[PDB]
Structures are given as structure tokens and as C-alpha cells.
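Written below as C-alpha cells is the structure these notes are about.
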Amino acid sequence: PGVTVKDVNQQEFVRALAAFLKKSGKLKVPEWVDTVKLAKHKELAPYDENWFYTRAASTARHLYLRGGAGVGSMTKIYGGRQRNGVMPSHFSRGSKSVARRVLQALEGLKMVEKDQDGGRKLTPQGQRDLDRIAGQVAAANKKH
Amino acid sequence: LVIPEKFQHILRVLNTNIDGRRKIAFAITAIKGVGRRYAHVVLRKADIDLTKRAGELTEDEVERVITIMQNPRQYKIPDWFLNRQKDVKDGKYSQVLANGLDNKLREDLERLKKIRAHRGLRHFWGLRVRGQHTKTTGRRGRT
Amino acid sequence: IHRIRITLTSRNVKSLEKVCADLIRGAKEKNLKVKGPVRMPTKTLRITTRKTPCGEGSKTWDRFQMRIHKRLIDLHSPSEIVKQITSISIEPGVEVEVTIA
Amino acid sequence: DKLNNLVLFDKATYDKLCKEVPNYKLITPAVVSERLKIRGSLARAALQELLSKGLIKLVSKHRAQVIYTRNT
Amino acid sequence: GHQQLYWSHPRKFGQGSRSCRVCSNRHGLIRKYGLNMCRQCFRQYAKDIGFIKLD
Amino acid sequence: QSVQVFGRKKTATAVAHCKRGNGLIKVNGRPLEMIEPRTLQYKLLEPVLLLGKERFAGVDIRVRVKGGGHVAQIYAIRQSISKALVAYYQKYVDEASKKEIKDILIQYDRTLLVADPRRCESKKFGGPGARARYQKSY
Amino acid sequence: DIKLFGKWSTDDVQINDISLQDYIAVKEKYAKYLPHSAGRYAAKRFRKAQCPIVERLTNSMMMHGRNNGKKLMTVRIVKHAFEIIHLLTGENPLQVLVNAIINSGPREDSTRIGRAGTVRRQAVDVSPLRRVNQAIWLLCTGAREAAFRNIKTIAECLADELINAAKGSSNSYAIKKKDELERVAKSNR
RNA sequence: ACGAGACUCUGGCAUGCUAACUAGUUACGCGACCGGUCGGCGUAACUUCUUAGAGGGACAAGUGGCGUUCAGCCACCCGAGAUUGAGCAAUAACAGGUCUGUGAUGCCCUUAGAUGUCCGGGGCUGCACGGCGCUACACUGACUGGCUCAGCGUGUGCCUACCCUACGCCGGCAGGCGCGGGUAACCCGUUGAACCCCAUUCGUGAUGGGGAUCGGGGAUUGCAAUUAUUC
């Protein structure tokens, strides 16, 4: 029996979800974490080894803080202000291909949602599922 | 932790140069096949423990990453950290070993000298092959 | 259909406000609902050019600014009254686009 | 010279972390541990790790002029 | 020569494809906002076109 | 419920939506107690909890100030706390309580609520910045 | 009342000199719960001359212009000066700050001679406001001289900064420059 | 009388905009949860941020001191505001610059690869940080365990093909292909304008304050990239 998402700590929710999935170890160890640049703007990419769960939950929070957000601000919030090379480099592509191939495997686990209209929204059924996940991570690691 | 015997200060592991005073991302980089993102990807693909320290290292650990450096094609990663990538003398990314035979070992530079390649002439000096507009230029190559 | 958008624009804000008041008063005089004058951000066209016609002299520039003020007003009314109000001999310097959505 | 340093945690880094350092009016292990000529940063790291056994979550490091515990 | 040697490659885009719309001058043109004048002609006509010095 | 006092520091975009409940401030999903900067925590938590924890249970406020910068949403949260409390106790308690709570919130802050029109200033031709020129004349 | 937790108090400051009532403003209504609350003293007609000691410490330490960018850092170093001096001394950090700066610092600081002077200085009776403020300036610049660019482990550098500023060790460069200033002050005597 | 000031534009100030589908929303019809996804028809009152988009006032219904008690100046006890930055900028002058901006113009030349078409190559580049924009021998500094972000202004076919680009694939990527949006607060876009605990992680700091730059999936919507948009 959890509580609504409005008074739920979103960062604590995603971190509890990630910690619970790490301690469970139910899925395989992902090895595509840093085989790539992971976008144009990373000299040395993340090395969490739960970048799968952590970044999926970060994309989920990006989804829910405003349902219906255009893709691209995802790397405005998580990504930094790039300083690539001798030349000045601006806002442009990341590493999309490996992200899409990883999403093709993530689909079915109800972690990051792709809809039939394209984009994102509140998704009442999805909202119920995420609230239940938050409720069951309410008794997860940290906050103890 | 330290034990009452010889710490891994100065030893000949792979004829490389490293002294146990600079910390991680610098000690691993001392070997030209380990460091930065390549170290990250190797530590991922091999599923290695994060806690392990290089203060009292074992030769096998560095050797295994070096073997991966020789053959990174299977891993689908850039075979970087090689000056010999897609260059003559290796049918496929091969490892040349030993020192004191640098001219033979790096015959790539001899091939660049015998073809008198300005690109090859760049190596041995610190300067831009392009050569920018007359200004603070030329100073690149100070011995 | 009761969805009509009128776009008002001008460089001079006095004429813009006067014509907006004209449209609002015309709509509200007869029994009719009308939305408030949505006030879109002003567009500041900036152009900087050297004052001199040659190469000699201190580098002094001219910063010509041009302010475009545009508003959008909604209308839920029959098209006849809209057409009557639009042809009311608006004040000069104002560009109007009446759209029947 | 080529001063002898030890790259990882050590007994000296573990040395006198709770014997006489926290039994002084000034509870600051920095300079006193520095007197051992062994890296003080990792001494601080070991002290923080032993302080964060799991009872109270202490993961923040903050700046250099950072507080330490009171255990006198 | 008149139509046999020239006009065999794309060259319709150079600086010679533009000129000031007041004096047919190709130097110091203004492309911004499409008024297509040189510096000095625009400075002359700025008051009339609608550009006023306020900044 | 309308109090019409807001909280606005610098240019941060803020909302103060009032309806009875506990007084909580949500910042990046982090409530008032656990805050985003994680280093200015005491300076914001000191005035309210040392007097009472049920003190904010009067009227709940959606405070979702999408503030970027620590000086932006920090001290904006306390601006919101003081303004909401003062307006609620103004309109809906009585004048004497108005006077005493205004006295305590003014010994909280003498006169620094509202500022003058200023920000980062413009750049002039002939130099790289606002007040700077090209090579020097010694 | 308002205090620091259930273990520390802030009403332990009484000097009673009857001379800090003209520039150090504690008289009527200048009290704050807040160490600093976004002052607008610039826009005022030089209404910034009744400034307390904590804000002097806040605004008189940075070297060059290599700290500005976020006043977050200013307020954080105020908070961590609070806490670190509290840890050093076990009592009110501001009280011991005053105690350890008054017993030392400028007795007759640097001030010129007549209409123009750069050869020597004058042993000048330093006003209590300016003596206290410049002693806090001495501590701040000594903190950015010792804690910064230190060859030792930095978690006791405020202790050694206190030692240099009050006890008089021959470590800080600012303290030996002030020693030369004191040599001039005695040259006046 | 002109100039100065006043004047205009511009800046961390407004609880009226009988105000807004771009921005949340008093009483509808969604709704786990200790009057909310009514910003997912659309609140006819809205408005608080946003529109700095339109209408406003408040340095003297002030105090102390100095000053001829005047003009003024220096500090502050009912108190948002107590020198923002620019524009304009006089009389008289310069043998100052421009006839290579000009359908704004005085005083001119005459006869063959005429300054206008054809010049693969190429003009300052034959150049050593005592002319703009660059290195902090360091907890004030680190690669997202931290961002519900602080933030000028451009963008397509009327002469005229040549604009801004989201999203998939070639992809682990320059560059290429495809349907799509945008005449613009409507699409690029919540513009990737710092990463504050800073989950490779600093002891006497040649060694994160270069890496004195040419090898590598493969290198351009434009004839020419040889000192140059290659990335």
C-alpha cells in the first residue's frame, strides 16, 4: 500500500528501483554500457553497469515530470554543456542506434514506455504500474 | 594492504614504465594498451571486480587486457590505443613485442622515412602536419 | 463553426492598441462574447552596420532596431458581423489578417 | 628523490585512527596523521569508512575544510 | 564562346549573383531580413523603411 | 483559496497553489526537508521546524518552483514560506495575529524582499565586453 | 527563542565597549535569523557602512575574481566556517573568532603620511570598526594563503591559520608583511 | 538663443490587465493517494511566475550632520525602489576619410588576347605567443550517484534553384537515403549558455593545468580545399 507520486521523492523512487533491481540481479549484466561513446558528447561514458536501470528510470522521470515532452531535452537534463575538441561543438546527435537496439530488448519489462501514437503521456494504466513500482520500492534500500 | 616485504615499486612486467605514486586512470595508462574508455570497456566485458587495486598487481591482469588490445574486433569496439591500426606489416591487428629493437619494432616509422612522408616526418617532432598561418607556428617541433 | 482568429500587427503600438480597442468594442457593443487581446511577444529586428561609408575612422556602429508588435484575438460569432467589423476603415500602419478557422 | 609511496590502503593508513586522535581537544586527524609521512587523504578515507559502519549514512565528502566527528 | 564554352557547370551562386537593389553595387550587401541593400544605402533609407535608432 | 502573495526571486518560475493541508515545497521532486543543493539545508530548515512540525499543517501549498541555480530556488523556498504564512495569517486569522507574525517575519528579514531593475549588462562596440576595449595604451 | 539545535546558543556575545554602537549596527532593528539574505546595499546611498563581521568574512576572502559565479559558494563557505570553527574550538565559532582576532592583528596598521606618502607608513590608532574588520580581512586572506596553496593535508589549515594570525608563527607570508608594517609602526614610536 | 539637463529606448519593482488553446487553473465528468492527470473536450471569474506584452507610482505626508543654513554635500531609526547602460548630442574647424556605395556630380582618355569572358596553379601564407580573442605549480578544481533548470536571436521559393531542421535506417559514428514539421511563443526547442554531494577518483604536485596532433568505421549539398569548412 503505497502513496501517490506527487509526494513521492522522484530521485529516491528511481534510486530505490535501481537498488532493488541491482540487489535482485534478476536480469543479465549489461555489457553495452560503454562499448560505445553513448553519445557524441562523452569522452568517457558512464560506467554504472546499472546504467540500463538508472538511465531508464531517468528517462521515466523525464517522461512523467511533463508527459508529452519532445525527445532531445532528455540529453538537456541528463547531458551536459559539451566541450568537444579544438572546435566549438553544439547541441546535436547522440548515440541513438545502440539506444534503440537496447530499447528493443527492454520492451516488455515495463521500464521505459513507447506508445502507439509516438511520444509519451500520463498513461493511466502505465501510471498505475509506475505508482505500484514506487510503492513496492518504498521499502527498498536507503532511507533507513 | 601493505605487508612487511617489497611493495610493487619498480619491476619489469612488460618492459613498460610506471612508478607506484600516481593513482588510477594514470597507472593503467602507463601501459599503452590500457586506460580511459578502453579500460572501462574491458572491465565491463570481462565482468571484473571494482575493488581490485594495482598497488600490488599481478602480471596476468595486465596481460589479459593486452590480449584484448591485440584482438578487439570481436568486441565491436574501436581497436584504438594502437599506432599500427590499418597500417602495413599487420594483416590483422597483431602485437609486436620487445624493446631495444625499436627500429625493427616500429618499422612503420622506417617505412614513412623511406617514402619520406611528411605525415611520418610529423612523428619524432611535436607539430601540426597541416601547418597553420605564419604566426606562433614552427615552434611546434622544439627538439 | 464559431472559431475565428484575427491577427493584428504593426510597428507602432499606439495604432495597434487603438485598433484592438476598436475591434473589442465593436464585438462587445452587440450582444456577443469575445476573448481578451492575446498579446504575443514583440519581435526586435536588430541590424548593426558601420556608420562610415569607407574604411577610415574610429569603428562606430549603428544599431537599427525595428519593433513588430502582433496580437491574436478569438471570435465566436457569425461571419457576417466579422466581415462588417473588419471593413471599418482601420487606422494606417496596421496590417490585419482575418482568418476563419 | 623517488619517495616510497604505497598506492592503496595500508596499516599506517589504519594506524592510530581511534587510539589518540579522537582523544584530543582538537579532533582533527589531518596533520597528526600527516606526521606519519603516509598519505593523509586515504587516512581520512579509512576514518570515514570506519565511521560509516552502517548505523548512520555518511557518504558526503564536501570540501577540504570539512568537519569530523566528536567522540571524546 | 557566346553559349558553347560557358554554362557547363553550377556557378550561379557566387558573390556576383548579388548586387545592391538600389545602386547595383556588389560590396557590403545586407542579406538579413531580405531587404538586400549595401551598408550605405540602408543607412540612407533606414528611417523610411522602418528601422529607427533607439539602442 | 486565494492569498495572492507568490514567491519570486531573481527570474525563477514559481507557483504557489493554496488548498488546506500540510505546508510542503517540492523541488525537482525533492521536498522541503531533503533539498536539491544538499549543502544549504540548515539555512532553510531552521526557522520552521524549531517552532513546530504541525506548524505547516494549516494550508497545503503546491510550490513547484522550476528554479535552476542554488541561489535561485534556495531563499526562494523561504520567500515562499514567509509570504504564504504571512498572507494566510493576514486574510484568515485576525489583525493582531497579523501584527505579531509580521513582527517575527520582519525580525526574520528587515528589508530585502524586493529589488531594483538590474541584471547582466549589455555589450558595446569597440570592445570584447560591456566595459572593456581592444589593445592597451600605456 | 531561536538558537542552534538543542546544544548551542548564540546569545553569548557581550564585549561592552560602548564604541561599537556607531558603525556595528545592533541598536534597533538590524537583526537577522539569516547569515545573508541577498543584500541590495549597492543601490542604496552608501547604506552599506553598517555591515556586521560575518558579512565581512563572507565578502573579503576571494583571490582575484576566481570564486564568483555562484553566491552559493559564498553562503556555503559561511556555513562551513560556522561549522569548522565550531569543530575547532568546541564553542560558538563567531565568539572565538572575535576572541582570537582581537588579541592580535592591527594595533597600528598601514596608513599614509600627510598629503601623500609611499616611503614609510604611520603608526595609526586603528578605529575599532576598521581594526575588527581588517583583522577579519587578515584572517580571510591568511586562510586563502595557508589553506590554499598548502604543502600539507588540509583539514587543520584553519587551526594553523589561527596560529599564524594570532600566535605568530613564521609560516604565513601575510603575517611577515604585517611584521614589516609593525616594524614601521615601531619606527614611529 | 544653441549646447547640458529635461527627452527616448533599456534594465534582480507591481496582487488592476472585467487577460491569454503555447503557462498552472475555485466549485465539471476522469482520478490509486496523506479538493488535484478539468495543462490530455474547454472555466465563460483566473494570472502567481510567461507574455518586460498594454495602462503605475513612492526622495523627501523623512531624520542627523556639514554649508552663508542658500545652491548643495556626507550618513541613516513609519520605509520595494536612494549614480542601469546606451541614443541623440552645439558654435567654430580639419586642405582628416570616402570620386574603388551610388542614376550625387564638376574637369578626361581614342584604335588590340581593354580594367568587364576565358587565369589547371597561385596572390599577404617567402614568418620565433618583450595587433582581439589563450596556460591559474591548485579542495576556489573533478567523467550524469544532482538538473520539476537560470537564457539573445535566425530560419523555405515574389525575382532565384541556394532556409531551419525533428525522427528512423546505412550506424558503435563524418557523410548519405526517407516520409515529417516550420512564414514561426504553434517546428527545430523545455535551444545540451555550470554539473553544486561531484559512485576512473589528488602527496611533497617533471605525470588532468598541454597531453610541443596525423594513425586509425571511413574522409564534402560547391569547377578550385597544394597554409586549409576535410571530420
Side-chain angles (χ1 to χ4, degrees), chain A residues 3-4 7 35-36 43-44 46-47 65 69-70 72-73 75-82 91 95 97-98 121-122 128 131, chain B residues 22-26 76 83 85-87 119 122 126-134 136 138-142, chain C residues 17 33 36 38-42 53-54 56-57, chain D residues 39 41 60-64, chain E residues 6 9-10 13 23 25 27-28 38 40-41 53-55, chain F residues 4 6 8 10-16 19 28-29 36-39 64 66-70 72 111 113-119 121-122 128 134-135, chain G residues 28 43-47 66-67 72-73 149 151 154:
Chain A
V3 76
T4 179
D7 42 19
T35 179
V36 303
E43 174 97 323
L44 317 179
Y47 183 40
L65 62 104
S73 66
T75 44
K76 161 224 167 288
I77 291 179
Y78 203 84
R81 340 282 189 208
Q82 74 274 307
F91 164 49
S95 182
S97 299
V98 84
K121 220 46 190 190
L122 292 123
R128 267 283 300 130
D131 209 34
Chain B
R22 215 82 169 116
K23 321 303 298 204
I24 210 53
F26 268 126
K76 272 184 55 67
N83 65 312
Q85 31 187 350
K86 267 196 52 67
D87 276 0
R119 311 202 173 242
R122 256 59 288 243
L127 72 190
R128 271 76 165 182
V129 38
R130 304 177 179 180
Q132 298 82 359
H133 198 124
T134 55
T136 170
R139 311 204 287 179
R140 310 191 263 62
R142 298 314 182 182
Chain C
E17 279 306 292
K33 68 182 296 290
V38 156
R39 267 135 172 185
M40 300 279 300
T42 302
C54 39
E56 207 273 327
Chain D
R39 60 174 37 72
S41 310
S60 305
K61 205 175 198 193
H62 300 134
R63 57 180 201 126
Chain E
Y6 169 73
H9 196 72
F13 38 39
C23 43
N25 180 35
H27 263 160
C38 47
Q40 309 94 326
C41 277
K53 263 179 78 152
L54 261 306
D55 190 1
Chain F
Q4 294 146 235
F6 201 45
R8 177 197 199 290
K10 296 198 180 199
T11 166
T13 58
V15 172
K19 184 51 184 322
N28 324 112
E36 157 62 62
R38 283 170 193 76
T39 36
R64 35 200 209 95
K66 323 71 200 173
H70 316 133
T111 22
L113 277 302
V114 203
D116 267 301
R118 265 170 318 204
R119 277 305 226 151
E121 90 170 43
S122 32
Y134 297 127
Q135 77 307 327
Chain G
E28 33 173 305
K44 281 195 297 178
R45 223 190 203 110
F46 210 73
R47 289 221 170 154
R66 270 313 154 278
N67 171 88
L72 152 97
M73 329 158 166
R149 48 191 147 195
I151 32 154
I154 170 164

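Computation of the quantities below employed the complete heavy-atom set of this structure, encompassing side-chain atoms and omitting hydrogens, waters and symmetry-equivalent molecules. Throughout, a chain's letter reflects where its sequence line sits, starting with A, and its residues are numbered from 1.
Base pairing annotation: H:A19 forms a Watson-Crick or G-U wobble pair with H:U51, both donor-acceptor distances under 3.5 Å. With a cut-off of 3.5 Å on both Watson-Crick or G-U wobble distances, the partner of H:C41 is given as H:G29.
Between H:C66 and H:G72, both key atom distances fall under 3.5 Å, giving a Watson-Crick or G-U wobble pair. A canonical Watson-Crick pair (purine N1 to pyrimidine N3 plus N6-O4 or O6-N4) or a G-U wobble (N1-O2 and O6-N3), each contact under 3.5 Å, is absent between H:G172 and H:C33.
Adjacent nucleotides H:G24 and H:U25 have six-membered base rings whose centres lie under 5.5 Å apart with planes inclined under 30°, meeting the stacking criterion. Base stacking between strand neighbours H:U154 and H:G155 is detected by the criterion of six-membered ring centres within less than 5.5 Å and interplanar angle below 30°. For the consecutive nucleotides H:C169 and H:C170, the six-membered rings of the bases sit within the stacking limits of 5.5 Å between centres and 30° between planes. Without both a ring-centre distance below 5.5 Å and an interplanar angle below 30°, H:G180 is not stacked on H:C179. In this strand, H:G62 sits stacked on its neighbour H:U63; the base ring centres are under 5.5 angstrom apart and the planes under 30 degrees.
Among the heavy atoms of the strands, none lies under 4.0 Å from E:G28. F:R64 comes within 4.0 angstrom of a nucleotide base, judged by non-hydrogen atoms across all strands. Counting any heavy atom pair closer than 4.0 Å across all strands shown, E:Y6 reaches sugar-phosphate atoms only and no base atom. Backbone-only engagement by B:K86 is indicated by non-hydrogen atom pairs under 4.0 Å involving sugar-phosphate atoms exclusively. Backbone-only engagement by B:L127 is indicated by non-hydrogen atom pairs under 4.0 Å involving sugar-phosphate atoms exclusively. Using a 4.0 Å heavy-atom distance criterion, B:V129 is classed as a base contact. Across all strands, B:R139 comes closer than 4.0 Å to base atoms (heavy-atom distances). Using a 4.0 Å heavy-atom distance criterion, F:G68 is classed as a base contact. Using a 4.0 Å heavy-atom cutoff across all strands shown, F:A14 reaches at least one base atom of the nucleic acid. Contact annotation for F:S122: backbone-only contact, meaning every heavy-atom pair under 4.0 Å involves sugar-phosphate atoms and none involves a base.
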**Prompt:** Which parts of nucleotides 174-186 of chain H does protein reach within less than 4.0 Å, heavy atoms only, written one letter per nucleotide 5' to 3' as B for base, S for sugar-phosphate only and - for none?
**Reply:** SB---------BB
**Request:** For nucleotides 96-103 of chain H, just jot down a letter per nucleotide in 5' to 3' order: B, S or -, based on protein non-hydrogen atoms under 4.0 Å.
**Result:** BBS--BS-
**Prompt:** How far apart are the C-alpha atoms of G:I154 and D:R63, what are their side-chain angles, what is the distance that settles it, and do they pass the side chain to side chain contact (heavy atoms under 4.5 Å, CB included) test?
**Reply:** CA-CA 10 Å; G:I154 170 164; D:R63 57 180 201 126; over 6 Å; no
**Request:** May I have the step-by-step check of side chain to side chain contact (heavy atoms under 4.5 Å, CB included) for A:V36 and B:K76, ending in yes or no?
**Result:** CA-CA 9 Å; A:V36 303; B:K76 272 184 55 67; over 6 Å; no
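Base orientation of H:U183: syn (glycosidic angle within 90° of 0). H:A19 has its base anti relative to the sugar, with a glycosidic angle deviating from 0 by more than 90°. For H:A199, the glycosidic angle deviates from 0 by 90° or less, giving a syn base. Look at H:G123: its glycosidic torsion is within 90° of 0, and that puts it in the syn range.
OP1 or OP2 of H:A150 lies within a sub-4.0 Å distance of a side-chain N or O belonging to F:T13. At the phosphate of H:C88, OP1 or OP2 sits under 4.0 Å from a side-chain N or O atom of E:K53. Note on B:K76: a side-chain N or O is less than 4.0 Å away from OP1 or OP2 of H:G172.
D:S60 contributes no side-chain N or O that forms a donor-acceptor pair with the base of H:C197 under 3.5 Å. For A:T4 and H:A32, a side-chain-to-base donor-acceptor distance below 3.5 Å is present, hydrogens and geometry of angles not being considered. Residue-to-nucleotide contacts include a donor-acceptor pair under 3.5 Å from the side chain of G:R47 to the base of H:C76. Put simply, the side chain of F:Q135 and the base of H:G131 share no donor and acceptor less than 3.5 Å apart. In this model, no side-chain donor or acceptor of B:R22 finds a partner on the base of H:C202 within 3.5 Å. The base of H:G192 is paired with the side chain of A:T75 by a donor and an acceptor separated by under 3.5 Å.
Taking for each of A:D131 and F:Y134 the nucleotide of RNA chain H with the nearest heavy atom, the 5'-most of the two is the partner of A:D131. In terms of position on RNA chain H, the residue among B:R122 and F:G29 whose nearest nucleotide sits closer to the 5' end is F:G29.
Panel note: side chain F:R8, backbone F:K10; a donor-acceptor pair is recorded below 3.5 Å. B:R122 places a side-chain N or O within 3.5 Å of a backbone atom of B:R128 that can act as its donor or acceptor partner. At least one donor-acceptor pair under 3.5 Å links the side chain of F:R38 to the backbone N or O of F:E36. Using modelled atom types, no side-chain atom of G:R47 and backbone atom of G:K44 make a donor-acceptor pair closer than 3.5 Å.
By the 4.5 Å heavy-atom criterion applied to side chains, G:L72 and F:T39 are counted as neighbours. Using a 4.5 Å heavy-atom threshold, the side chains of D:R39 and B:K23 count as touching.
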Pairs: protein N or O with nucleotides 228-231 of chain H N or O, under 3.5 Å:
from	atom 1	to	atom 2	distance (Å)
H:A228	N1	B:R130	NH1	3.2

